[PDB]
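Read the structure below first, then the notes.
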Amino acid sequence: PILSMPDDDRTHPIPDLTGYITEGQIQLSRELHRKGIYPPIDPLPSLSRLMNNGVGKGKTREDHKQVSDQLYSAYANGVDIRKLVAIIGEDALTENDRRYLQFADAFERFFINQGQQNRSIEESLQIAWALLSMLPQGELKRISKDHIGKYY
Amino acid sequence: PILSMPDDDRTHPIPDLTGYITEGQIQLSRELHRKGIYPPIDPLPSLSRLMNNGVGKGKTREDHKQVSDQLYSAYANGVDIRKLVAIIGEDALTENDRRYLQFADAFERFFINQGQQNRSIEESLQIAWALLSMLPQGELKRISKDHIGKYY
Amino acid sequence: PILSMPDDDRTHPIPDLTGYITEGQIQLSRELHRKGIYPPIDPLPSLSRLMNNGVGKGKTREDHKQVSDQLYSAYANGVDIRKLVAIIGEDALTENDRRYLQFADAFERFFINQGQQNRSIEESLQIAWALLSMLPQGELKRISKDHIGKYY
Amino acid sequence: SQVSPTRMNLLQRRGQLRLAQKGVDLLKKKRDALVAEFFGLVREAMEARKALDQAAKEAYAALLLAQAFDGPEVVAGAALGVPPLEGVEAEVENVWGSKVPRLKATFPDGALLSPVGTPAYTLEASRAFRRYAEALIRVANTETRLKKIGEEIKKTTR
Amino acid sequence: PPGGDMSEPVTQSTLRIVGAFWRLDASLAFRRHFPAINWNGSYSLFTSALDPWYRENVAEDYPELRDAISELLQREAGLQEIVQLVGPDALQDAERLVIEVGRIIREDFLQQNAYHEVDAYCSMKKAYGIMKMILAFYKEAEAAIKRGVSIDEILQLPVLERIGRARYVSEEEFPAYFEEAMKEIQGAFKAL
Amino acid sequence: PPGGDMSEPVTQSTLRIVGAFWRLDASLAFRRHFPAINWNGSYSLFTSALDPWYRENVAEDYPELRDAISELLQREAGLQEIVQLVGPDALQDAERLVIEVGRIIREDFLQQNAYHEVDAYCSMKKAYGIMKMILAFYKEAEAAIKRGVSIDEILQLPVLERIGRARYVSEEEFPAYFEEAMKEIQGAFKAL
Amino acid sequence: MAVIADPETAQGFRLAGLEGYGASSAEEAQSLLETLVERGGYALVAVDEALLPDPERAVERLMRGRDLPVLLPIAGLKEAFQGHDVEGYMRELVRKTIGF
C-alpha cells in the first residue's frame, strides 16, 4: 500500500485503516528530505512487521538474523546526541557516546539517502557492517560476538 | 446517588447534570483508595446543600459549624504547596508553608482513611481539633476566638 | 459595522467570510479592556487592505508608507518574548533583545493609552518616532536610511 | 473564559506534546550526568581542606616559641613579600544562567621567598602559608563548582 | 477557508491535484513577512525537474547553492524547536549560528516588498547572488566562531547590515553593488 | 488495540465490567521481557474472594506471602521514580536492597519465559516456594545491612542465584530443591 | 588578594603570601567587610565562620547582586572536622540536588 494523509495525520482513515490491516509501516519525513536525504525514510518509524522472520539463516545472509536487530537499536541510540549539541557541544561530550554521533550523520547522508542507486541484497548488507566499524569490535550489544567478530 | 462517572471526569453530564439536580456533590478522587485511603473520599467537591440547615449548634457540637470552613482553607492550600515543592525543591519555603504542609498529611490517610472503622460524630470531631493543634489561633480567621480555645 | 462574537472567537462564523468581504478590519482585546488600557484597542491581525495605499506621499507626510509597516514587525518581535519570558525566568535573555520586551509594555501601554484625545494625523507620527528611539537604526529594516533618521 | 478557536488547531496543538513532551523527555537525565560526576570533585573538596586545615596551625603556633612574640617583627621584613594579588589563573566555564568563571592561585611565592634571613621558626612557619594559599585553591574552583551545580540542578528540575 | 481552517473541504479538495502547495499564516503579512506563507508547510516537488532551465540560465551549480541553503531554512528548525523549549539560554556556538541566520534570511532575504520600486521583481542573477551574500558570512562565520571568535562581536558586524539592503537593489545596480560588500565581508569578519 | 491506546471505547468500556486485567507494557516487552506484563497497570477483583480458599486449600500462610511481597511495587513505585536516574548513590544502604530484590523478583520471579518448558508449566505450590525463597532470604538480608553487613557483598552470594532458577526448577524437585536451597540460606548468610 | 579573619591567626597571612588582618572579637567585621569590597581587586577574599561566614548575605547585601569575590567559612579553632564536613555537603546539596 502507498498513500498520503490530509495533513500527515494518522488519526484519519487513510492511515488508521491501513495501520490496522497492514503488516508494517514505512513513512517519510519532511526533515529527512529537507537536508537532502533521498530516499528520506526515517528509522524505527518504518518497518515491515513480517520481514523479521523471512530473513537470516537460509533466507538472506545467515548472520542477518541478529544483523537485522543490530543497526536498529544501535543506530537510533545515536539519534540522541543528535539534537543535544546546543546543550554542551561537540567535544563537550564523552568519546564513547559522542562517537555514537558521527554514525548517524554518515548514516542518513550515505546510508539512507541512496537515491536511484540499486544495491543488491548483498551489496546492501555489507554497508551496515562498514558503518558499524565506528565502534571498536566489542561495543555492539545487539549481534553476537560470533557474527561481528567476522563480518564486522 | 452513588454511581461511577465515565473514565473519571465530571465534565461528562453523567455527573454534571447530577450537580444541580442533586444537592451538593461528593467524590472520592480515586486518589485516596488507589493509594490507601479508606474511606477514599476527597474534599474537593464534597459539600452538601442541606448540610447548612440542621447542623453546627443544637443539632450537634456547636463548634462543628465553626470548624466547618477552618479545615477547608487549611487543607486546600495544604496540597497547593506540595505542588510547587517538587517544582523548586522541598526547601524554598517558610513557616508560612511548613505549617499548612503537615496539614495535608494529617488530613490525608490520617483523618479521611480509617477503614471500616466506626467513627462517631463524637470521636470524629473530638480529635478533629488535635489536627489544628499546630496551627495558631492567629493563622486562622474562620472561627471566633472562643471556640478556638474550646477544644484546642 | 461592528459584530460581536462570543469569547475571543476569530474563526467565528461571523468573521469568516466577513474578513474576505470587508477590505480591512480591526481587532479588540479584552486583556486591555479589563486591565485599564482605555480605549483598549489592538489589531493584532487587523491591518485593513488598501490602507497602505492612500497616505504618505502628498496629502500626508512623506514618511508614513514605511512607517506603519515599521511599527508593525517592530512591535511584533517585542511581545513575542512575552511568553518565553514567563517560562525560562525573568531576566534570562541576551542584553539586546532585552530591549525588545523592555519596550513592549511601552508601546502598548502608552500607544493604546489614548483617551478623549482627538489625536491628529500628526500628533500620531510623533509618538511613533518617540517610541522607536529606544533602538537606533539597526533593527529598523523596513523604512529607508534617510526617512529613518529623518525623524530620529 | 477565553482561550482559542476550535478547528484546525487540533493538528498544531498536537505537535505540542512532541515538542514539549519530547524536549523534556530526556532533558531530565540530561543534567543528571554533570551532577553525578560533579560529586567526584566535591568529595575531594575537603580532601585538601581537612588535610591541610589541621596542619595549618602546624607552623603558625609551631613558631610560637622564639617567633611568637617576635612574629610581628619577623613579619615586617618578609610580610607580603611577593603578594601579587590575582596573579592567579582564572578560568571561564558554562553553567545554567550563563557562564561563570573559576580559577586557582598557583604561583611560585609562598614557596620560601620572604628573605630577611631570620631564625628557625620562620622558614618552617612561612612554609605553613602553603596550606592556605595552595590548599585554599582546591576550593576556589571546586567549592565554587558546588554552587554552580546548585543553579542547574534547581532551575533544570524545577 | 472561512475559519482559515487548513482542513476545509476546499483545502484538501485541491490536494494531490496541484503540487507545490503553500500556506498563508495570519500574523505573517500583518507583521513584516511578505509574501506571508508557511515556511515549512510550503514545500515543492516541481523544483526537482525545474533544475534543467535553472542550471543553464542560472548556473550549472545553482541548484546546489539553492538546495544547500534550503538545507538550513528547513534544518534550522532543529534548533527552532529547542528554542520554543528553552530559548537562547542554553545556547552554545552553533546555536545563534543558524537561528539568526535563518532569521535575517526571512526579514530581508525572504520577505520581498512587492510594493517597492524594483524589489517587486528579482531575476536569477538577483535571486541567485543574494542567496550567496549571507553564505559567505556563513562560511567566514564557520571559522570565526570555531577558531574561537565570540559570536558576540560577530553579531554587531556593520557589514551584516549591508547584506540586508540587497533586496531593494535593482538588477542593474545589484551586480556590482553586492560584489563590493563581498570583499568587506571576509574583511570585517575574519579580522574580528 | 493495534495502536497502544489507554483511553478508547474498546478499553475504558471493557474496564466498565470485567474481573481481571492483565495489562502488558510495550516497553517492558521492548526489552525482550517475557512475560512483560506491566503490573502497576494490572488487576483482578477475583483475588478478593479467592484469597479465602487460597490458604484454605493451598497453605494458610500462602496469601500472606503474595500480598506481603507485593510491597515491592509499593516501596518501588515511588522509589524508582526519583531514584531511577540517580541510582545506587546518595542512598544510605537499605535503599538499594529494596530495588535489588525487585531485580530478582522481576528477573527471576516475575519473568516466567512461558516459552521454555522448564518454568513454563507451574502450579501454585511451586511458584510459592519461589516467592518464599526470596522472602526468607530478605527478612534476614535487610537485618544484615542494618546490623552491620555489606550491601555490595550480600549481593555476590551464589546461594541467592540458585533462586533465579527456582522457577526453572521442575515442579517435582522444587520441593527437594527447596529443602536444601532454603535452609541453605540460613547458613549461606551466616558469614558476617 | 588581601583577606582577613582573625588577628591571632591572621598574623601569618601578612607573613607569607597574602596579608590577613582581622579581629577575633570583631564578630561584626562588617566594619571591614564592606570597606574591603570598596575595591575588591583581588581574587576571592574569604573569612572564618566565626564571623559572617554562614550568612553570605553580607557580601550580597553589600555588592548588590554583582559578581564580586566570594566568601569561604572555616573556624579558627579546630577539633573535629568530621561533623560539619558531611554537613556542608548536605547544606549545599539538599535545597536542591539531594533531598530526602
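FYI, nothing fancy with the C-alpha cells labels: chains A, B, ... in order, residues from 1 per chain, ligands from 1 as they appear.
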Interface, chain A side, toward chain E (8 Å; only C-alpha atoms) as a PyMOL selection string:
chain A and resi 6-7+31+34-36+83+85-89
Output for the residues just chosen: N, CA, C and O atoms as a compact mmCIF listing (two decimals), in the first residue's frame:
```txt
# COMPACT_ATOMS: atom_id res chain seq x y z
N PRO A 6 -4.16 13.66 5.01
CA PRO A 6 -4.63 15.01 4.69
C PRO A 6 -3.61 16.04 5.12
O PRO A 6 -3.33 16.99 4.39
N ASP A 7 -3.03 15.86 6.29
CA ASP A 7 -2.04 16.81 6.78
C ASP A 7 -1.01 15.98 7.52
O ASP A 7 -0.36 16.45 8.44
N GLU A 31 11.75 16.49 7.44
CA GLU A 31 13.11 16.63 7.95
C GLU A 31 14.09 15.88 7.05
O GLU A 31 14.91 16.48 6.35
N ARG A 34 14.50 17.35 3.70
CA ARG A 34 14.92 18.75 3.74
C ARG A 34 16.44 18.90 3.64
O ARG A 34 16.93 19.76 2.91
N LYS A 35 17.17 18.06 4.37
CA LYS A 35 18.63 18.11 4.38
C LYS A 35 19.25 17.56 3.11
O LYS A 35 20.45 17.73 2.86
N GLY A 36 18.40 16.91 2.32
CA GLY A 36 18.83 16.32 1.07
C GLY A 36 18.74 14.81 1.06
O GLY A 36 18.94 14.18 0.02
N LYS A 83 20.44 15.94 18.65
CA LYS A 83 19.74 17.20 18.86
C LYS A 83 20.27 17.89 20.12
O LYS A 83 19.85 18.99 20.47
N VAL A 85 23.36 19.11 20.67
CA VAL A 85 24.63 19.81 20.50
C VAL A 85 24.59 21.06 21.36
O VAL A 85 25.45 21.27 22.22
N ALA A 86 23.55 21.86 21.13
CA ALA A 86 23.30 23.14 21.79
C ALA A 86 23.35 23.08 23.30
O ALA A 86 23.37 24.10 23.99
N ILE A 87 23.38 21.86 23.80
CA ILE A 87 23.43 21.65 25.23
C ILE A 87 24.84 21.88 25.77
O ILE A 87 25.09 22.82 26.54
N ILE A 88 25.76 21.03 25.34
CA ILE A 88 27.15 21.10 25.77
C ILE A 88 28.05 21.43 24.61
O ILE A 88 28.86 22.35 24.69
N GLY A 89 27.92 20.67 23.53
CA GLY A 89 28.75 20.92 22.37
C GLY A 89 29.30 19.64 21.79
O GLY A 89 28.90 18.54 22.20
```
For a quick test of understanding: name the residues of chain G lying within 12 Å of chain B when counting only C-alpha atoms, and present them as number ranges by chain. G: 91-100
Moved chain B, fitted on chain C by every C-alpha in sequence order, as a PDB file with C-alpha atoms, in the first residue's frame:
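This is the output file part-v3.pdb:
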```
ATOM      1  CA  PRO B   1     -18.817  47.091  10.538  1.00  0.00           C
ATOM      2  CA  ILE B   2     -18.828  47.094  14.303  1.00  0.00           C
ATOM      3  CA  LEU B   3     -20.116  43.968  15.979  1.00  0.00           C
ATOM      4  CA  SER B   4     -19.039  41.639  18.718  1.00  0.00           C
ATOM      5  CA  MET B   5     -18.090  38.082  17.917  1.00  0.00           C
ATOM      6  CA  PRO B   6     -19.548  35.039  19.757  1.00  0.00           C
ATOM      7  CA  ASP B   7     -17.607  34.310  22.908  1.00  0.00           C
ATOM      8  CA  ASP B   8     -14.433  35.902  21.632  1.00  0.00           C
ATOM      9  CA  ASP B   9     -13.222  33.644  18.806  1.00  0.00           C
ATOM     10  CA  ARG B  10     -12.952  34.700  15.167  1.00  0.00           C
ATOM     11  CA  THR B  11     -13.144  30.992  14.274  1.00  0.00           C
ATOM     12  CA  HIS B  12     -16.849  31.656  14.008  1.00  0.00           C
ATOM     13  CA  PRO B  13     -18.111  32.731  10.592  1.00  0.00           C
ATOM     14  CA  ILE B  14     -19.712  35.724  12.311  1.00  0.00           C
ATOM     15  CA  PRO B  15     -16.290  37.364  12.040  1.00  0.00           C
ATOM     16  CA  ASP B  16     -14.763  34.934   9.564  1.00  0.00           C
ATOM     17  CA  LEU B  17     -17.076  35.518   6.659  1.00  0.00           C
ATOM     18  CA  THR B  18     -16.504  39.126   7.597  1.00  0.00           C
ATOM     19  CA  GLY B  19     -12.800  38.915   6.834  1.00  0.00           C
ATOM     20  CA  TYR B  20     -12.991  38.384   3.072  1.00  0.00           C
ATOM     21  CA  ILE B  21     -16.092  40.476   2.441  1.00  0.00           C
ATOM     22  CA  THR B  22     -15.013  43.445   4.535  1.00  0.00           C
ATOM     23  CA  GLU B  23     -11.695  45.039   3.665  1.00  0.00           C
ATOM     24  CA  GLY B  24      -9.130  44.220   6.315  1.00  0.00           C
ATOM     25  CA  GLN B  25      -9.983  43.336   9.912  1.00  0.00           C
ATOM     26  CA  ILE B  26      -9.568  45.157  13.223  1.00  0.00           C
ATOM     27  CA  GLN B  27     -10.179  44.031  16.756  1.00  0.00           C
ATOM     28  CA  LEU B  28      -9.638  44.949  20.371  1.00  0.00           C
ATOM     29  CA  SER B  29      -8.475  41.518  21.698  1.00  0.00           C
ATOM     30  CA  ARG B  30     -10.531  42.344  24.808  1.00  0.00           C
ATOM     31  CA  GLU B  31      -7.123  42.472  26.454  1.00  0.00           C
ATOM     32  CA  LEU B  32      -6.602  46.171  26.243  1.00  0.00           C
ATOM     33  CA  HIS B  33      -9.750  47.444  27.986  1.00  0.00           C
ATOM     34  CA  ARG B  34     -10.053  44.469  30.318  1.00  0.00           C
ATOM     35  CA  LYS B  35      -6.714  45.844  31.575  1.00  0.00           C
ATOM     36  CA  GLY B  36      -6.896  49.623  31.077  1.00  0.00           C
ATOM     37  CA  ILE B  37      -6.153  50.265  27.403  1.00  0.00           C
ATOM     38  CA  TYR B  38      -8.471  52.736  25.766  1.00  0.00           C
ATOM     39  CA  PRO B  39      -8.863  52.627  22.857  1.00  0.00           C
ATOM     40  CA  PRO B  40      -8.499  48.899  23.659  1.00  0.00           C
ATOM     41  CA  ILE B  41      -7.712  48.001  20.032  1.00  0.00           C
ATOM     42  CA  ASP B  42      -5.111  45.362  19.231  1.00  0.00           C
ATOM     43  CA  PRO B  43      -2.666  45.303  16.307  1.00  0.00           C
ATOM     44  CA  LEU B  44      -2.942  41.523  15.890  1.00  0.00           C
ATOM     45  CA  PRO B  45      -5.477  41.496  13.106  1.00  0.00           C
ATOM     46  CA  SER B  46      -5.748  45.217  12.549  1.00  0.00           C
ATOM     47  CA  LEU B  47      -4.709  46.125   8.996  1.00  0.00           C
ATOM     48  CA  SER B  48      -7.026  47.614   6.294  1.00  0.00           C
ATOM     49  CA  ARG B  49      -7.355  46.741   2.561  1.00  0.00           C
ATOM     50  CA  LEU B  50      -7.599  50.313   1.305  1.00  0.00           C
ATOM     51  CA  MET B  51      -5.080  51.762   3.700  1.00  0.00           C
ATOM     52  CA  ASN B  52      -2.264  51.195   1.194  1.00  0.00           C
ATOM     53  CA  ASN B  53      -3.534  53.352  -1.710  1.00  0.00           C
ATOM     54  CA  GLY B  54      -4.074  56.852  -0.326  1.00  0.00           C
ATOM     55  CA  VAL B  55      -1.546  57.125   2.498  1.00  0.00           C
ATOM     56  CA  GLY B  56       2.148  57.394   3.162  1.00  0.00           C
ATOM     57  CA  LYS B  57       3.327  60.350   1.115  1.00  0.00           C
ATOM     58  CA  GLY B  58       1.311  63.233  -0.265  1.00  0.00           C
ATOM     59  CA  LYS B  59      -1.878  62.189   1.519  1.00  0.00           C
ATOM     60  CA  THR B  60      -0.050  62.381   4.848  1.00  0.00           C
ATOM     61  CA  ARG B  61       3.396  62.355   6.477  1.00  0.00           C
ATOM     62  CA  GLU B  62       5.739  60.727   3.958  1.00  0.00           C
ATOM     63  CA  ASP B  63       7.435  58.748   6.714  1.00  0.00           C
ATOM     64  CA  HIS B  64       4.114  57.166   7.787  1.00  0.00           C
ATOM     65  CA  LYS B  65       4.293  54.796   4.789  1.00  0.00           C
ATOM     66  CA  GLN B  66       7.812  53.868   5.894  1.00  0.00           C
ATOM     67  CA  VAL B  67       7.214  53.511   9.624  1.00  0.00           C
ATOM     68  CA  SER B  68       4.128  51.449   8.756  1.00  0.00           C
ATOM     69  CA  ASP B  69       5.786  48.073   9.067  1.00  0.00           C
ATOM     70  CA  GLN B  70       8.777  49.157  11.178  1.00  0.00           C
ATOM     71  CA  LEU B  71       6.483  49.185  14.216  1.00  0.00           C
ATOM     72  CA  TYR B  72       4.894  45.941  13.093  1.00  0.00           C
ATOM     73  CA  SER B  73       7.875  43.559  13.421  1.00  0.00           C
ATOM     74  CA  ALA B  74       9.068  45.573  16.398  1.00  0.00           C
ATOM     75  CA  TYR B  75       6.114  45.331  18.728  1.00  0.00           C
ATOM     76  CA  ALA B  76       5.148  41.765  17.722  1.00  0.00           C
ATOM     77  CA  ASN B  77       8.410  40.096  18.597  1.00  0.00           C
ATOM     78  CA  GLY B  78       8.055  42.320  21.604  1.00  0.00           C
ATOM     79  CA  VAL B  79       5.401  40.309  23.372  1.00  0.00           C
ATOM     80  CA  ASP B  80       6.792  37.118  21.835  1.00  0.00           C
ATOM     81  CA  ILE B  81       9.545  37.734  24.337  1.00  0.00           C
ATOM     82  CA  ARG B  82       7.417  38.369  27.414  1.00  0.00           C
ATOM     83  CA  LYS B  83       6.116  34.906  26.684  1.00  0.00           C
ATOM     84  CA  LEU B  84       9.200  32.806  27.309  1.00  0.00           C
ATOM     85  CA  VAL B  85      10.168  35.245  30.051  1.00  0.00           C
ATOM     86  CA  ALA B  86       7.992  33.736  32.739  1.00  0.00           C
ATOM     87  CA  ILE B  87       9.148  30.502  31.082  1.00  0.00           C
ATOM     88  CA  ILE B  88      12.837  30.618  32.071  1.00  0.00           C
ATOM     89  CA  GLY B  89      13.119  33.726  34.208  1.00  0.00           C
ATOM     90  CA  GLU B  90      12.933  37.439  33.468  1.00  0.00           C
ATOM     91  CA  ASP B  91      16.662  36.973  33.041  1.00  0.00           C
ATOM     92  CA  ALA B  92      17.886  34.566  30.376  1.00  0.00           C
ATOM     93  CA  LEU B  93      18.015  37.068  27.554  1.00  0.00           C
ATOM     94  CA  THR B  94      20.404  39.591  25.924  1.00  0.00           C
ATOM     95  CA  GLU B  95      20.475  43.084  24.302  1.00  0.00           C
ATOM     96  CA  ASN B  96      18.638  41.289  21.505  1.00  0.00           C
ATOM     97  CA  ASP B  97      15.577  41.167  23.719  1.00  0.00           C
ATOM     98  CA  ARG B  98      15.994  43.865  26.373  1.00  0.00           C
ATOM     99  CA  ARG B  99      15.227  46.252  23.565  1.00  0.00           C
ATOM    100  CA  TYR B 100      12.230  44.636  21.812  1.00  0.00           C
ATOM    101  CA  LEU B 101      10.854  44.209  25.328  1.00  0.00           C
ATOM    102  CA  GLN B 102      10.399  47.807  26.322  1.00  0.00           C
ATOM    103  CA  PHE B 103       8.966  48.012  22.801  1.00  0.00           C
ATOM    104  CA  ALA B 104       5.956  46.106  24.021  1.00  0.00           C
ATOM    105  CA  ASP B 105       5.241  48.463  26.899  1.00  0.00           C
ATOM    106  CA  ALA B 106       5.712  51.688  25.065  1.00  0.00           C
ATOM    107  CA  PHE B 107       3.313  50.492  22.441  1.00  0.00           C
ATOM    108  CA  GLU B 108       1.005  49.119  25.129  1.00  0.00           C
ATOM    109  CA  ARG B 109      -1.150  51.541  27.177  1.00  0.00           C
ATOM    110  CA  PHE B 110       1.476  54.041  26.337  1.00  0.00           C
ATOM    111  CA  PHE B 111       0.495  54.431  22.677  1.00  0.00           C
ATOM    112  CA  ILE B 112      -2.738  52.498  22.132  1.00  0.00           C
ATOM    113  CA  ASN B 113      -4.578  53.667  25.219  1.00  0.00           C
ATOM    114  CA  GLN B 114      -5.245  57.348  25.687  1.00  0.00           C
ATOM    115  CA  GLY B 115      -8.973  57.520  26.556  1.00  0.00           C
ATOM    116  CA  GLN B 116     -11.246  59.985  24.791  1.00  0.00           C
ATOM    117  CA  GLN B 117      -8.024  61.857  23.992  1.00  0.00           C
ATOM    118  CA  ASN B 118      -8.354  63.526  20.596  1.00  0.00           C
ATOM    119  CA  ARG B 119      -4.934  62.654  19.076  1.00  0.00           C
ATOM    120  CA  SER B 120      -4.608  63.934  15.502  1.00  0.00           C
ATOM    121  CA  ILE B 121      -2.468  62.418  12.749  1.00  0.00           C
ATOM    122  CA  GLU B 122       0.122  65.033  13.552  1.00  0.00           C
ATOM    123  CA  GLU B 123       0.475  64.602  17.326  1.00  0.00           C
ATOM    124  CA  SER B 124       0.166  60.865  16.843  1.00  0.00           C
ATOM    125  CA  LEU B 125       3.092  60.143  14.495  1.00  0.00           C
ATOM    126  CA  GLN B 126       5.172  63.084  15.701  1.00  0.00           C
ATOM    127  CA  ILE B 127       5.877  61.098  18.828  1.00  0.00           C
ATOM    128  CA  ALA B 128       5.250  57.743  17.149  1.00  0.00           C
ATOM    129  CA  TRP B 129       8.993  57.957  16.676  1.00  0.00           C
ATOM    130  CA  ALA B 130       9.785  58.901  20.280  1.00  0.00           C
ATOM    131  CA  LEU B 131       9.191  55.181  20.791  1.00  0.00           C
ATOM    132  CA  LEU B 132      11.830  54.069  18.310  1.00  0.00           C
ATOM    133  CA  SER B 133      14.382  56.347  19.991  1.00  0.00           C
ATOM    134  CA  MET B 134      15.992  53.352  21.725  1.00  0.00           C
ATOM    135  CA  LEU B 135      15.991  51.086  18.710  1.00  0.00           C
ATOM    136  CA  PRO B 136      19.053  51.874  16.578  1.00  0.00           C
ATOM    137  CA  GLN B 137      18.981  52.417  12.814  1.00  0.00           C
ATOM    138  CA  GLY B 138      20.712  49.045  12.454  1.00  0.00           C
ATOM    139  CA  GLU B 139      18.284  46.838  14.369  1.00  0.00           C
ATOM    140  CA  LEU B 140      15.632  48.067  11.927  1.00  0.00           C
ATOM    141  CA  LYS B 141      15.638  47.350   8.193  1.00  0.00           C
ATOM    142  CA  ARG B 142      12.069  48.190   7.217  1.00  0.00           C
ATOM    143  CA  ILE B 143      12.567  51.877   6.393  1.00  0.00           C
ATOM    144  CA  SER B 144      15.418  53.531   4.450  1.00  0.00           C
ATOM    145  CA  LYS B 145      18.336  55.371   6.041  1.00  0.00           C
ATOM    146  CA  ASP B 146      16.870  58.799   5.270  1.00  0.00           C
ATOM    147  CA  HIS B 147      13.497  58.690   6.988  1.00  0.00           C
ATOM    148  CA  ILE B 148      15.050  56.950   9.986  1.00  0.00           C
ATOM    149  CA  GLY B 149      17.095  60.073  10.685  1.00  0.00           C
ATOM    150  CA  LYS B 150      14.196  62.399   9.808  1.00  0.00           C
ATOM    151  CA  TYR B 151      12.309  62.434  13.124  1.00  0.00           C
ATOM    152  CA  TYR B 152      14.352  60.104  15.358  1.00  0.00           C
TER     153      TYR B 152
END
```
Checklist line | All alpha helix (DSSP H) positions in stretch 2-152 of chain C, as a PyMOL selection string | finding: chain C and resi 13-21+30-33+65-79+81-88+97-111+121-132+145-150
Worksheet item: With chain E laid on chain F by least squares, using all C-alpha atoms in order, how large is the RMSD?
Response: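 The superposed chains show a C-alpha RMSD of 1.6 Å.
Going from atom CA of residue E:84 to atom CA of residue D:16 covers 10.0 Å.
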Using only C-alpha atoms and a distance of at most 9 Å, pull out the residues of chain D that contact chain A, as a count of residues only.
3
Which residues of chain D are close to chain G, meaning at most 6 Å apart when you count only C-alpha atoms, and how do they look as a list in words?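 Here is what falls inside 6 Å: residues 75, 79, 80, 83, 85, 86, 110, 126, 153 and 154 of chain D.
In this model, the gap between atom CA of residue D:65 and atom CA of residue D:134 comes to 25.4 Å.
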Close residues, stretch 54-59 of chain G itself excluded, 10 Å, only C-alpha atoms, min 2 positions apart in chain, as a compact mmCIF listing (two decimals) with N, CA, C and O atoms, in the first residue's frame:
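See part.txt below for the written result:
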```
# COMPACT_ATOMS: atom_id res chain seq x y z
N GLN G 30 31.97 43.67 59.88
CA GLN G 30 31.29 44.37 58.80
C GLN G 30 32.09 45.61 58.54
O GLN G 30 32.35 45.94 57.39
N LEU G 33 34.43 44.23 56.21
CA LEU G 33 33.75 43.55 55.13
C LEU G 33 33.46 44.46 53.93
O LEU G 33 33.94 44.20 52.83
N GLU G 34 32.71 45.54 54.18
CA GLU G 34 32.35 46.50 53.13
C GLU G 34 33.55 47.24 52.57
O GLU G 34 33.82 47.18 51.36
N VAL G 37 35.54 45.52 50.20
CA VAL G 37 34.94 45.46 48.87
C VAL G 37 34.93 46.77 48.12
O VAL G 37 34.69 46.80 46.92
N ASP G 48 36.78 33.41 58.33
CA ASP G 48 36.41 32.35 59.26
C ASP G 48 34.92 32.30 59.45
O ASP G 48 34.26 33.29 59.22
N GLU G 49 34.40 31.16 59.89
CA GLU G 49 32.97 31.00 60.11
C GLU G 49 32.48 31.55 61.44
O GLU G 49 31.31 31.42 61.80
N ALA G 50 33.39 32.16 62.19
CA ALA G 50 33.01 32.69 63.49
C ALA G 50 32.49 34.10 63.36
O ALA G 50 32.05 34.69 64.33
N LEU G 51 32.52 34.63 62.16
CA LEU G 51 32.06 35.98 61.95
C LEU G 51 30.82 35.91 61.08
O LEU G 51 29.81 35.34 61.48
N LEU G 52 30.87 36.51 59.89
CA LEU G 52 29.72 36.43 59.00
C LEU G 52 30.11 35.43 57.93
O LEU G 52 30.34 35.76 56.77
N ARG G 61 24.42 41.72 50.32
CA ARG G 61 23.69 42.88 50.80
C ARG G 61 24.53 44.10 50.52
O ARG G 61 24.02 45.22 50.51
N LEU G 62 25.82 43.89 50.31
CA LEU G 62 26.72 45.00 50.03
C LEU G 62 27.08 45.13 48.54
O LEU G 62 27.00 46.23 47.98
N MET G 63 27.43 44.03 47.88
CA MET G 63 27.79 44.08 46.46
C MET G 63 26.64 44.55 45.62
O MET G 63 26.83 45.29 44.67
N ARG G 64 25.45 44.06 45.97
CA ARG G 64 24.20 44.37 45.29
C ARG G 64 23.86 43.41 44.15
O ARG G 64 23.34 43.82 43.12
N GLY G 65 24.15 42.13 44.35
CA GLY G 65 23.85 41.12 43.35
C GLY G 65 24.87 41.03 42.22
O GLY G 65 24.61 40.41 41.19
N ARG G 66 26.03 41.65 42.43
CA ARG G 66 27.10 41.66 41.43
C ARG G 66 28.10 40.52 41.65
O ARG G 66 28.14 39.93 42.73
N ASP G 67 28.90 40.20 40.64
CA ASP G 67 29.88 39.13 40.80
C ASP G 67 31.16 39.66 41.41
O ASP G 67 32.05 40.13 40.70
N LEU G 68 31.24 39.59 42.74
CA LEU G 68 32.42 40.05 43.46
C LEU G 68 33.04 38.90 44.24
O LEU G 68 32.37 37.91 44.53
N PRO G 69 34.33 39.01 44.60
CA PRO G 69 35.00 37.95 45.35
C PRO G 69 34.08 37.34 46.40
O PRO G 69 33.44 38.03 47.17
N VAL G 70 34.01 36.01 46.39
CA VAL G 70 33.15 35.27 47.30
C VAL G 70 33.81 34.96 48.64
O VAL G 70 35.02 35.10 48.80
N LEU G 71 32.97 34.52 49.57
CA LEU G 71 33.33 34.16 50.95
C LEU G 71 33.55 32.67 51.21
O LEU G 71 32.86 31.82 50.64
N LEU G 72 34.49 32.34 52.10
CA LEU G 72 34.76 30.96 52.47
C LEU G 72 34.92 30.80 53.98
O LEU G 72 35.89 31.24 54.59
N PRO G 73 33.93 30.15 54.60
CA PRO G 73 33.84 29.87 56.04
C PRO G 73 34.72 28.74 56.59
O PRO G 73 34.82 27.67 55.99
N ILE G 74 35.35 28.98 57.74
CA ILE G 74 36.19 27.98 58.40
C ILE G 74 35.84 27.92 59.89
O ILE G 74 34.73 27.54 60.23
```
Starting from chain D, keep only residues with some atom at most 10 Å from an atom of chain F, counting only C-alpha atoms, and report them as a list in words. residues 28, 29, 30, 32, 33, 35 and 36 of chain D
Quiz prompt | DSSP strand (DSSP E or B) selection over stretch 19-115 of chain D, as a list in words | solution = residues 89, 90, 91, 92, 95, 98, 101, 102, 103 and 104 of chain D
Which residues are close to residue F:160, i.e. within 10 Å by only C-alpha atoms, leaving aside same-chain residues fewer than 4 positions away? Reply as a ChimeraX atom specification. /F:104,133-134,137,154-156,164-165,181-182,184-185,188-189
